[PDB]
>>> print(open('entry.cif').read())   # mmCIF, C-alpha atoms
data_target
loop_
_atom_site.label_atom_id
_atom_site.label_comp_id
_atom_site.auth_asym_id
_atom_site.auth_seq_id
_atom_site.Cartn_x
_atom_site.Cartn_y
_atom_site.Cartn_z
CA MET A 105 -22.02 1.59 -15.84
CA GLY A 106 -25.61 1.17 -14.51
CA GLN A 107 -28.18 3.86 -13.50
CA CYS A 108 -26.60 4.75 -10.08
CA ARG A 109 -23.20 5.33 -8.30
CA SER A 110 -22.14 5.31 -4.62
CA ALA A 111 -20.63 8.34 -2.79
CA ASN A 112 -19.51 7.01 0.68
CA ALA A 113 -15.68 6.58 1.05
CA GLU A 114 -15.27 7.36 -2.74
CA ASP A 115 -12.76 10.27 -2.10
CA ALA A 116 -11.43 9.32 1.44
CA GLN A 117 -9.76 12.54 2.78
CA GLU A 118 -10.59 13.06 6.52
CA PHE A 119 -7.57 10.73 7.11
CA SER A 120 -3.81 11.41 7.67
CA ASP A 121 -1.23 11.43 4.76
CA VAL A 122 -0.54 7.64 5.17
CA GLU A 123 -4.10 6.70 6.25
CA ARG A 124 -5.59 8.21 3.00
CA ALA A 125 -2.66 6.87 0.88
CA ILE A 126 -3.43 3.14 1.62
CA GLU A 127 -7.13 3.79 0.74
CA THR A 128 -6.00 5.56 -2.51
CA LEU A 129 -4.27 2.30 -3.60
CA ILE A 130 -7.15 0.02 -2.47
CA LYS A 131 -9.62 2.22 -4.48
CA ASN A 132 -7.62 1.37 -7.61
CA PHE A 133 -8.48 -2.38 -7.31
CA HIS A 134 -12.20 -1.56 -6.81
CA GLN A 135 -12.27 0.81 -9.88
CA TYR A 136 -10.85 -1.95 -12.20
CA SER A 137 -12.33 -5.30 -10.88
CA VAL A 138 -15.44 -4.95 -13.15
CA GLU A 139 -15.19 -8.27 -15.15
CA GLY A 140 -13.59 -10.12 -12.18
CA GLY A 141 -17.05 -9.30 -10.66
CA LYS A 142 -15.73 -6.97 -7.82
CA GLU A 143 -14.76 -10.18 -5.91
CA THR A 144 -11.52 -10.39 -8.01
CA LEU A 145 -9.46 -9.02 -10.92
CA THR A 146 -9.24 -11.01 -14.18
CA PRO A 147 -5.98 -11.15 -16.34
CA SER A 148 -7.44 -9.17 -19.33
CA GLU A 149 -8.34 -6.17 -17.04
CA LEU A 150 -5.03 -6.64 -15.12
CA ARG A 151 -3.36 -6.03 -18.56
CA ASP A 152 -5.57 -2.95 -19.20
CA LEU A 153 -5.03 -1.26 -15.78
CA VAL A 154 -1.20 -1.73 -15.83
CA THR A 155 -0.71 0.22 -19.14
CA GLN A 156 -2.73 3.16 -17.62
CA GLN A 157 -1.49 3.17 -13.95
CA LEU A 158 2.26 2.21 -13.98
CA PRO A 159 4.31 4.36 -16.51
CA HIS A 160 7.32 4.76 -14.10
CA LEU A 161 7.19 1.10 -12.86
CA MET A 162 6.01 -1.15 -15.77
CA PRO A 163 5.35 0.37 -19.28
CA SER A 164 4.25 -1.59 -22.43
CA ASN A 165 8.00 -2.11 -23.33
CA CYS A 166 7.62 -5.77 -22.11
CA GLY A 167 4.67 -8.19 -22.12
CA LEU A 168 2.42 -7.54 -19.05
CA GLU A 169 1.58 -11.29 -19.35
CA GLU A 170 4.67 -11.73 -17.04
CA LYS A 171 2.55 -10.26 -14.16
CA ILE A 172 -0.34 -12.63 -15.05
CA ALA A 173 2.19 -15.54 -14.93
CA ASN A 174 3.08 -14.62 -11.26
CA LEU A 175 -0.47 -14.38 -9.73
CA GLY A 176 -2.52 -16.79 -11.97
CA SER A 177 -1.61 -19.98 -9.97
CA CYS A 178 -4.86 -19.75 -7.92
CA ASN A 179 -7.78 -21.93 -9.21
CA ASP A 180 -10.69 -21.94 -6.64
CA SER A 181 -10.22 -18.47 -5.01
CA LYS A 182 -8.68 -16.59 -8.05
CA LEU A 183 -7.39 -12.93 -8.03
CA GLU A 184 -8.97 -11.56 -4.77
CA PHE A 185 -8.05 -7.97 -3.66
CA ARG A 186 -4.84 -9.25 -1.87
CA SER A 187 -3.57 -10.38 -5.34
CA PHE A 188 -3.66 -6.65 -6.33
CA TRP A 189 -1.80 -5.70 -3.09
CA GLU A 190 0.96 -8.38 -3.54
CA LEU A 191 1.99 -6.58 -6.81
CA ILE A 192 2.28 -3.32 -4.78
CA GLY A 193 4.54 -5.35 -2.40
CA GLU A 194 6.59 -5.98 -5.60
CA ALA A 195 6.41 -2.24 -6.67
CA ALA A 196 7.80 -1.08 -3.25
CA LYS A 197 11.13 -2.90 -4.04
CA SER A 198 11.57 -0.49 -7.05
CA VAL A 199 9.66 2.62 -5.73
CA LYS A 200 10.30 4.01 -2.19
CA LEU A 201 11.80 7.24 -0.69
CA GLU A 202 14.96 8.26 -2.70
CA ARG A 203 17.71 7.94 0.00
CA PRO A 204 21.49 8.59 -0.34
CA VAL A 205 22.94 5.00 -0.52
CA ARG A 206 19.38 3.57 -0.81
CA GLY A 207 20.00 0.49 1.43
CA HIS A 208 22.54 -1.92 3.05
CA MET B 1 26.31 9.75 9.21
CA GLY B 2 24.80 13.20 10.01
CA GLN B 3 21.22 14.47 10.61
CA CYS B 4 20.28 15.54 7.03
CA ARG B 5 16.63 14.96 5.81
CA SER B 6 16.90 15.56 2.01
CA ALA B 7 15.34 13.28 -0.70
CA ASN B 8 13.63 13.28 -4.19
CA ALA B 9 10.00 12.93 -5.49
CA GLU B 10 9.19 14.90 -2.27
CA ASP B 11 6.21 16.72 -3.94
CA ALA B 12 5.36 13.97 -6.55
CA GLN B 13 3.07 15.25 -9.40
CA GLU B 14 3.98 13.39 -12.69
CA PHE B 15 3.00 9.90 -11.46
CA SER B 16 -0.45 8.24 -11.77
CA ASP B 17 -2.78 8.84 -8.76
CA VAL B 18 -1.98 5.31 -7.35
CA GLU B 19 1.74 5.49 -8.36
CA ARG B 20 2.24 8.76 -6.31
CA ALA B 21 0.31 7.06 -3.47
CA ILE B 22 2.74 4.07 -2.97
CA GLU B 23 5.54 6.68 -2.43
CA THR B 24 3.31 8.89 -0.23
CA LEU B 25 2.38 6.00 2.09
CA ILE B 26 5.91 4.44 2.19
CA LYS B 27 7.46 7.91 2.99
CA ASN B 28 6.01 7.42 6.50
CA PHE B 29 8.44 4.47 7.17
CA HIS B 30 11.54 6.56 6.23
CA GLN B 31 10.09 9.43 8.37
CA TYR B 32 9.49 7.38 11.59
CA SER B 33 12.47 4.87 11.49
CA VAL B 34 14.45 7.34 13.71
CA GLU B 35 15.93 4.71 16.10
CA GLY B 36 15.39 2.10 13.31
CA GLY B 37 18.39 3.47 11.27
CA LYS B 38 16.20 4.39 8.20
CA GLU B 39 16.04 0.60 7.28
CA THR B 40 14.34 -1.00 10.39
CA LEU B 41 11.70 -0.02 13.05
CA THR B 42 11.21 -0.05 16.90
CA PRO B 43 8.06 -0.41 19.18
CA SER B 44 8.09 3.23 20.53
CA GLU B 45 8.12 4.93 17.06
CA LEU B 46 5.57 2.23 16.06
CA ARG B 47 3.32 3.28 19.04
CA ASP B 48 3.91 6.98 18.18
CA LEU B 49 2.97 6.86 14.43
CA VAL B 50 -0.03 4.55 15.12
CA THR B 51 -1.53 7.05 17.66
CA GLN B 52 -0.81 10.23 15.56
CA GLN B 53 -1.06 8.89 11.94
CA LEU B 54 -3.52 5.89 12.16
CA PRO B 55 -6.19 7.73 14.32
CA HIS B 56 -9.07 6.06 12.36
CA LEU B 57 -7.25 2.75 11.49
CA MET B 58 -6.22 1.61 15.05
CA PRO B 59 -7.68 3.64 17.99
CA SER B 60 -6.16 3.83 21.51
CA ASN B 61 -9.37 2.15 22.89
CA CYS B 62 -8.21 -1.18 21.23
CA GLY B 63 -4.67 -0.88 22.72
CA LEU B 64 -1.89 0.29 20.29
CA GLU B 65 0.11 -2.63 21.70
CA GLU B 66 -1.86 -5.10 19.44
CA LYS B 67 0.07 -3.71 16.40
CA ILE B 68 3.38 -4.35 18.20
CA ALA B 69 2.04 -7.85 19.12
CA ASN B 70 1.67 -8.56 15.32
CA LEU B 71 5.42 -7.88 14.64
CA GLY B 72 6.44 -9.38 18.06
CA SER B 73 6.87 -12.98 16.66
CA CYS B 74 9.97 -12.08 14.54
CA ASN B 75 13.28 -11.36 16.40
CA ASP B 76 16.25 -13.26 14.78
CA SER B 77 16.16 -10.98 11.66
CA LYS B 78 15.56 -7.80 13.72
CA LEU B 79 12.92 -5.42 12.23
CA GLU B 80 12.99 -4.47 8.50
CA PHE B 81 11.21 -2.19 5.92
CA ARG B 82 9.47 -5.54 5.04
CA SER B 83 8.20 -5.81 8.70
CA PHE B 84 6.33 -2.45 8.33
CA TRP B 85 4.90 -3.47 4.89
CA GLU B 86 3.69 -6.77 6.46
CA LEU B 87 1.53 -4.66 8.89
CA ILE B 88 -0.19 -2.63 6.09
CA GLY B 89 -1.56 -5.97 4.77
CA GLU B 90 -3.60 -6.07 8.04
CA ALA B 91 -4.63 -2.36 7.65
CA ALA B 92 -6.28 -3.42 4.31
CA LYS B 93 -8.12 -6.30 6.14
CA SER B 94 -9.77 -3.45 8.15
CA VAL B 95 -10.02 -0.80 5.31
CA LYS B 96 -11.66 -1.22 1.84
CA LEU B 97 -14.12 0.70 -0.42
CA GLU B 98 -17.71 1.03 1.01
CA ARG B 99 -19.52 -0.90 -1.80
CA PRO B 100 -20.88 -4.54 -1.74
CA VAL B 101 -18.48 -7.53 -2.15
CA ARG B 102 -15.55 -6.41 0.08
CA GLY B 103 -14.68 -10.16 0.39
CA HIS B 104 -15.94 -13.24 2.38
#
>>> encode(input="entry.cif", output="structure tokens")
Amino acid sequence: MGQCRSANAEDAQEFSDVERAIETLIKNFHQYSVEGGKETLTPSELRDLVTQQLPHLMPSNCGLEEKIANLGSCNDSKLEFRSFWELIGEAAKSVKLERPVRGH
Amino acid sequence: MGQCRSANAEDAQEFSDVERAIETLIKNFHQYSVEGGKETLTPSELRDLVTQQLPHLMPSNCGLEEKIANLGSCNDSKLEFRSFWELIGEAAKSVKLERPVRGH
């Protein structure tokens, strides 16, 4: 892409374990939002990032179009960076610290 | 029952670099929920992890108490793992990648 790249905040590592972890997820929207124009994602690059990033959560064994069907109800604002984060709020129901008798 | 600490994916190396990072951030809830019974949270362990582990994300010179004031509207449910994840949504309203088009 282009003739230049940025370097500020592009590794984010002066921070604590949790305080770099949240940036490590947010980075992964910014790296993939290239045809959603950095303002948003778009469904066809949502489909492409999921098959690379989520092998333990959501492999190509189902149609990733089910994830598009959950967030695609916006029409004026479209898939802003919170629409990436709300699928991590779905991931954290299936991936969190492996506890004896996991909850309730 | 007991004071054991043991778990799994405690080193995490097979996952994608975002997929390890959801675990590595959410670990910090199951670490600090010490009065919270591993499934809920309380304002003192909230104050304590925000001063030690969000030293860039919410400084003492703003008052830590503002991040208790965010969760302070909900009481009938008690606190939840959800109530911590609801706060990280506001961490991402402060923290993004340092390129143009962060939002509006």
>>> residues_around(input="entry.cif", residues="residue 140 (chain A)", least_positions_apart="4", cutoff="10 Å", atoms="only C-alpha atoms", output="list in words")
residues 136, 144, 145, 146, 147, 148, 149, 150, 182, 183 and 184 of chain A
>>> atom_distance(input="entry.cif", atom1="CA of residue 127 (chain A)", atom2="CA of residue 82 (chain B)")
19.5 Å
>>> interface_residues(input="entry.cif", of="chain A", to="chain B", cutoff="10 Å", atoms="all atoms listed in the file", output="JSON list (two decimals) with C-alpha atoms, in the frame of the given file")
[["chain", "number", "residue", "atom", "x", "y", "z"],
["A", 109, "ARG", "CA", -23.20, 5.33, -8.30],
["A", 110, "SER", "CA", -22.14, 5.31, -4.62],
["A", 111, "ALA", "CA", -20.63, 8.34, -2.79],
["A", 112, "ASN", "CA", -19.51, 7.01, 0.68],
["A", 113, "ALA", "CA", -15.68, 6.58, 1.05],
["A", 114, "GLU", "CA", -15.27, 7.36, -2.74],
["A", 115, "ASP", "CA", -12.76, 10.27, -2.10],
["A", 116, "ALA", "CA", -11.43, 9.32, 1.44],
["A", 118, "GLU", "CA", -10.59, 13.06, 6.52],
["A", 119, "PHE", "CA", -7.57, 10.73, 7.11],
["A", 120, "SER", "CA", -3.81, 11.41, 7.67],
["A", 121, "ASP", "CA", -1.23, 11.43, 4.76],
["A", 122, "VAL", "CA", -0.54, 7.64, 5.17],
["A", 123, "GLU", "CA", -4.10, 6.70, 6.25],
["A", 124, "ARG", "CA", -5.59, 8.21, 3.00],
["A", 125, "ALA", "CA", -2.66, 6.87, 0.88],
["A", 126, "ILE", "CA", -3.43, 3.14, 1.62],
["A", 127, "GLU", "CA", -7.13, 3.79, 0.74],
["A", 128, "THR", "CA", -6.00, 5.56, -2.51],
["A", 129, "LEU", "CA", -4.27, 2.30, -3.60],
["A", 130, "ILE", "CA", -7.15, 0.02, -2.47],
["A", 131, "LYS", "CA", -9.62, 2.22, -4.48],
["A", 132, "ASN", "CA", -7.62, 1.37, -7.61],
["A", 133, "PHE", "CA", -8.48, -2.38, -7.31],
["A", 134, "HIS", "CA", -12.20, -1.56, -6.81],
["A", 135, "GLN", "CA", -12.27, 0.81, -9.88],
["A", 141, "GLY", "CA", -17.05, -9.30, -10.66],
["A", 142, "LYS", "CA", -15.73, -6.97, -7.82],
["A", 143, "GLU", "CA", -14.76, -10.18, -5.91],
["A", 144, "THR", "CA", -11.52, -10.39, -8.01],
["A", 156, "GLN", "CA", -2.73, 3.16, -17.62],
["A", 157, "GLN", "CA", -1.49, 3.17, -13.95],
["A", 158, "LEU", "CA", 2.26, 2.21, -13.98],
["A", 159, "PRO", "CA", 4.31, 4.36, -16.51],
["A", 160, "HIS", "CA", 7.32, 4.76, -14.10],
["A", 161, "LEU", "CA", 7.19, 1.10, -12.86],
["A", 184, "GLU", "CA", -8.97, -11.56, -4.77],
["A", 185, "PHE", "CA", -8.05, -7.97, -3.66],
["A", 186, "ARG", "CA", -4.84, -9.25, -1.87],
["A", 189, "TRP", "CA", -1.80, -5.70, -3.09],
["A", 190, "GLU", "CA", 0.96, -8.38, -3.54],
["A", 192, "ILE", "CA", 2.28, -3.32, -4.78],
["A", 193, "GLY", "CA", 4.54, -5.35, -2.40],
["A", 195, "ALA", "CA", 6.41, -2.24, -6.67],
["A", 196, "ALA", "CA", 7.80, -1.08, -3.25],
["A", 197, "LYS", "CA", 11.13, -2.90, -4.04],
["A", 199, "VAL", "CA", 9.66, 2.62, -5.73],
["A", 200, "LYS", "CA", 10.30, 4.01, -2.19],
["A", 201, "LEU", "CA", 11.80, 7.24, -0.69],
["A", 202, "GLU", "CA", 14.96, 8.26, -2.70],
["A", 203, "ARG", "CA", 17.71, 7.94, 0.00],
["A", 204, "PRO", "CA", 21.49, 8.59, -0.34],
["A", 206, "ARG", "CA", 19.38, 3.57, -0.81],
["A", 207, "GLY", "CA", 20.00, 0.49, 1.43],
["A", 208, "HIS", "CA", 22.54, -1.92, 3.05]]
>>> atom_distance(input="entry.cif", atom1="CA of residue 59 (chain B)", atom2="CA of residue 87 (chain B)")
15.4 Å
>>> atom_distance(input="entry.cif", atom1="CA of residue 162 (chain A)", atom2="CA of residue 198 (chain A)")
10.4 Å
>>> calpha_fit_and_write(input="entry.cif", fixed="chain A", moving="chain B", output="short mmCIF file (atom, residue, chain, number, x, y, z; two decimals) with C-alpha atoms, in the coordinates of the input")
data_model
loop_
_atom_site.label_atom_id
_atom_site.label_comp_id
_atom_site.auth_asym_id
_atom_site.auth_seq_id
_atom_site.Cartn_x
_atom_site.Cartn_y
_atom_site.Cartn_z
CA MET B 1 -27.27 -5.76 -9.30
CA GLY B 2 -27.31 -2.57 -11.46
CA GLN B 3 -24.57 -0.28 -12.88
CA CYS B 4 -24.37 2.34 -10.06
CA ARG B 5 -20.89 3.81 -9.13
CA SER B 6 -21.59 5.63 -5.80
CA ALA B 7 -19.37 5.39 -2.65
CA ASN B 8 -18.01 7.40 0.39
CA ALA B 9 -14.65 9.09 1.31
CA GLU B 10 -14.57 9.85 -2.47
CA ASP B 11 -12.73 13.21 -1.92
CA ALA B 12 -10.95 12.25 1.39
CA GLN B 13 -9.57 15.32 3.31
CA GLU B 14 -9.79 14.64 7.13
CA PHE B 15 -7.37 11.68 7.15
CA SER B 16 -3.56 11.83 7.65
CA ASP B 17 -1.54 12.15 4.38
CA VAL B 18 -0.70 8.36 4.45
CA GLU B 19 -4.20 7.36 5.74
CA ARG B 20 -5.92 9.11 2.71
CA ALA B 21 -3.30 7.42 0.48
CA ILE B 22 -4.21 3.75 1.38
CA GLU B 23 -7.81 4.57 0.25
CA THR B 24 -6.60 6.49 -2.84
CA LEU B 25 -4.42 3.60 -4.04
CA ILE B 26 -6.95 0.82 -3.17
CA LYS B 27 -9.77 2.77 -5.00
CA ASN B 28 -8.06 1.64 -8.23
CA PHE B 29 -8.98 -2.06 -7.51
CA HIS B 30 -12.72 -1.24 -7.05
CA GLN B 31 -12.50 0.93 -10.23
CA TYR B 32 -10.91 -1.73 -12.53
CA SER B 33 -12.56 -5.00 -11.20
CA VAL B 34 -15.27 -4.60 -13.92
CA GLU B 35 -15.37 -8.29 -15.01
CA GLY B 36 -13.93 -9.19 -11.55
CA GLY B 37 -17.34 -8.51 -9.82
CA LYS B 38 -15.91 -5.69 -7.56
CA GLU B 39 -14.22 -8.43 -5.35
CA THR B 40 -11.84 -10.24 -7.84
CA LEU B 41 -9.71 -9.34 -10.95
CA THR B 42 -9.05 -10.61 -14.56
CA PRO B 43 -5.92 -10.48 -16.89
CA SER B 44 -7.40 -7.97 -19.46
CA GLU B 45 -8.34 -5.26 -16.86
CA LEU B 46 -4.95 -6.09 -15.24
CA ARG B 47 -3.19 -5.41 -18.63
CA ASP B 48 -5.33 -2.26 -19.11
CA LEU B 49 -4.63 -0.56 -15.71
CA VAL B 50 -0.91 -1.51 -15.84
CA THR B 51 -0.46 0.23 -19.27
CA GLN B 52 -2.57 3.36 -18.40
CA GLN B 53 -1.98 3.71 -14.59
CA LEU B 54 1.53 2.14 -13.98
CA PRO B 55 3.29 3.96 -16.95
CA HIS B 56 6.49 4.48 -14.85
CA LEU B 57 6.19 1.31 -12.64
CA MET B 58 5.93 -1.39 -15.41
CA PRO B 59 6.56 -0.21 -19.03
CA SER B 60 5.30 -2.00 -22.18
CA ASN B 61 8.99 -2.60 -23.21
CA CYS B 62 9.25 -5.22 -20.34
CA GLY B 63 6.00 -6.98 -21.43
CA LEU B 64 2.86 -6.23 -19.29
CA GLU B 65 2.35 -10.01 -19.31
CA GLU B 66 5.05 -10.41 -16.55
CA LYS B 67 2.55 -8.90 -14.02
CA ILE B 68 -0.07 -11.47 -15.08
CA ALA B 69 2.66 -14.17 -14.81
CA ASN B 70 3.09 -13.18 -11.08
CA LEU B 71 -0.63 -13.90 -10.28
CA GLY B 72 -0.73 -16.85 -12.78
CA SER B 73 0.32 -19.49 -10.13
CA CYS B 74 -2.99 -19.22 -8.15
CA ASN B 75 -6.18 -20.67 -9.76
CA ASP B 76 -8.16 -22.86 -7.24
CA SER B 77 -9.21 -19.75 -5.19
CA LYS B 78 -9.89 -17.64 -8.32
CA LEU B 79 -8.59 -14.02 -8.10
CA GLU B 80 -9.26 -11.86 -4.98
CA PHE B 81 -8.75 -8.26 -3.62
CA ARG B 82 -5.81 -10.01 -1.79
CA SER B 83 -4.35 -11.08 -5.22
CA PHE B 84 -4.09 -7.39 -6.31
CA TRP B 85 -2.55 -6.36 -2.92
CA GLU B 86 0.02 -9.19 -3.31
CA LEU B 87 1.22 -7.47 -6.56
CA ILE B 88 1.77 -4.02 -4.90
CA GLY B 89 4.34 -5.74 -2.63
CA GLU B 90 6.41 -6.22 -5.84
CA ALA B 91 5.76 -2.57 -6.94
CA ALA B 92 7.51 -1.52 -3.66
CA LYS B 93 10.49 -3.84 -4.51
CA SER B 94 10.90 -1.55 -7.59
CA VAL B 95 9.85 1.82 -5.95
CA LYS B 96 11.32 3.44 -2.77
CA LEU B 97 12.61 6.90 -1.66
CA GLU B 98 15.80 8.11 -3.50
CA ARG B 99 18.10 8.30 -0.41
CA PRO B 100 20.87 5.81 0.71
CA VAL B 101 19.93 2.49 2.44
CA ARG B 102 16.93 1.38 0.30
CA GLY B 103 17.74 -2.21 1.47
CA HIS B 104 20.29 -5.00 0.60
#
>>> residues_around(input="entry.cif", residues="residue 63 (chain B)", least_positions_apart="5", cutoff="10 Å", atoms="all atoms listed in the file", output="PyMOL selection string")
chain B and resi 47+51+58+68
>>> decode(input="entry.cif", residues="region 29-53 of chain B", atoms="N, CA and C atoms", output="mmCIF file, in the first residue's frame")
data_model
loop_
_atom_site.group_PDB
_atom_site.id
_atom_site.type_symbol
_atom_site.label_atom_id
_atom_site.label_comp_id
_atom_site.auth_asym_id
_atom_site.auth_seq_id
_atom_site.Cartn_x
_atom_site.Cartn_y
_atom_site.Cartn_z
ATOM 1 N N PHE B 29 -9.414 -9.821 34.604
ATOM 2 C CA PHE B 29 -10.643 -9.939 35.405
ATOM 3 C C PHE B 29 -10.556 -11.096 36.412
ATOM 4 N N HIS B 30 -10.200 -12.297 35.946
ATOM 5 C CA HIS B 30 -10.127 -13.503 36.784
ATOM 6 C C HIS B 30 -8.967 -13.434 37.800
ATOM 7 N N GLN B 31 -7.951 -12.605 37.533
ATOM 8 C CA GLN B 31 -6.905 -12.235 38.490
ATOM 9 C C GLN B 31 -7.440 -11.350 39.628
ATOM 10 N N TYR B 32 -8.118 -10.240 39.310
ATOM 11 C CA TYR B 32 -8.468 -9.189 40.282
ATOM 12 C C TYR B 32 -9.845 -9.326 40.957
ATOM 13 N N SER B 33 -10.712 -10.248 40.529
ATOM 14 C CA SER B 33 -12.034 -10.526 41.136
ATOM 15 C C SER B 33 -11.952 -11.300 42.473
ATOM 16 N N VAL B 34 -11.058 -10.861 43.370
ATOM 17 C CA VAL B 34 -10.666 -11.573 44.600
ATOM 18 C C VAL B 34 -11.744 -11.529 45.685
ATOM 19 N N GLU B 35 -12.414 -10.391 45.891
ATOM 20 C CA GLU B 35 -13.668 -10.323 46.659
ATOM 21 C C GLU B 35 -14.871 -10.677 45.767
ATOM 22 N N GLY B 36 -14.796 -10.323 44.478
ATOM 23 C CA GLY B 36 -15.792 -10.609 43.444
ATOM 24 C C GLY B 36 -16.071 -12.089 43.111
ATOM 25 N N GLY B 37 -15.503 -13.064 43.824
ATOM 26 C CA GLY B 37 -15.887 -14.480 43.699
ATOM 27 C C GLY B 37 -15.591 -15.098 42.328
ATOM 28 N N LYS B 38 -14.551 -14.600 41.639
ATOM 29 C CA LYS B 38 -14.114 -14.991 40.281
ATOM 30 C C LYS B 38 -15.146 -14.758 39.155
ATOM 31 N N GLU B 39 -16.350 -14.266 39.459
ATOM 32 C CA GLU B 39 -17.456 -14.050 38.503
ATOM 33 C C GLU B 39 -18.042 -12.625 38.536
ATOM 34 N N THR B 40 -17.694 -11.822 39.541
ATOM 35 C CA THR B 40 -18.136 -10.429 39.737
ATOM 36 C C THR B 40 -16.929 -9.553 40.122
ATOM 37 N N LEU B 41 -17.143 -8.288 40.487
ATOM 38 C CA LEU B 41 -16.089 -7.306 40.770
ATOM 39 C C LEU B 41 -16.512 -6.420 41.961
ATOM 40 N N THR B 42 -15.585 -5.694 42.591
ATOM 41 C CA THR B 42 -15.883 -4.698 43.644
ATOM 42 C C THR B 42 -15.047 -3.405 43.492
ATOM 43 N N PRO B 43 -15.494 -2.235 43.994
ATOM 44 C CA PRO B 43 -14.818 -0.947 43.759
ATOM 45 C C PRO B 43 -13.374 -0.824 44.271
ATOM 46 N N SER B 44 -12.958 -1.542 45.322
ATOM 47 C CA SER B 44 -11.559 -1.488 45.791
ATOM 48 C C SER B 44 -10.583 -2.206 44.854
ATOM 49 N N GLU B 45 -10.890 -3.427 44.402
ATOM 50 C CA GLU B 45 -10.053 -4.132 43.409
ATOM 51 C C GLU B 45 -10.134 -3.492 42.011
ATOM 52 N N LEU B 46 -11.243 -2.802 41.705
ATOM 53 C CA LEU B 46 -11.368 -1.881 40.573
ATOM 54 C C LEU B 46 -10.392 -0.695 40.704
ATOM 55 N N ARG B 47 -10.399 0.040 41.828
ATOM 56 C CA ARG B 47 -9.428 1.121 42.092
ATOM 57 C C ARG B 47 -7.993 0.601 41.954
ATOM 58 N N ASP B 48 -7.695 -0.546 42.568
ATOM 59 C CA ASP B 48 -6.356 -1.142 42.625
ATOM 60 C C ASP B 48 -5.809 -1.547 41.243
ATOM 61 N N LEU B 49 -6.576 -2.260 40.397
ATOM 62 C CA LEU B 49 -6.077 -2.588 39.050
ATOM 63 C C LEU B 49 -6.032 -1.380 38.115
ATOM 64 N N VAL B 50 -6.881 -0.368 38.315
ATOM 65 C CA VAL B 50 -6.834 0.831 37.469
ATOM 66 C C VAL B 50 -5.585 1.668 37.775
ATOM 67 N N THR B 51 -5.182 1.812 39.046
ATOM 68 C CA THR B 51 -3.918 2.504 39.378
ATOM 69 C C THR B 51 -2.669 1.724 38.943
ATOM 70 N N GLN B 52 -2.574 0.413 39.212
ATOM 71 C CA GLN B 52 -1.382 -0.373 38.841
ATOM 72 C C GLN B 52 -1.314 -0.745 37.348
ATOM 73 N N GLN B 53 -2.435 -1.161 36.745
ATOM 74 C CA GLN B 53 -2.490 -1.815 35.429
ATOM 75 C C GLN B 53 -3.142 -0.984 34.307
#
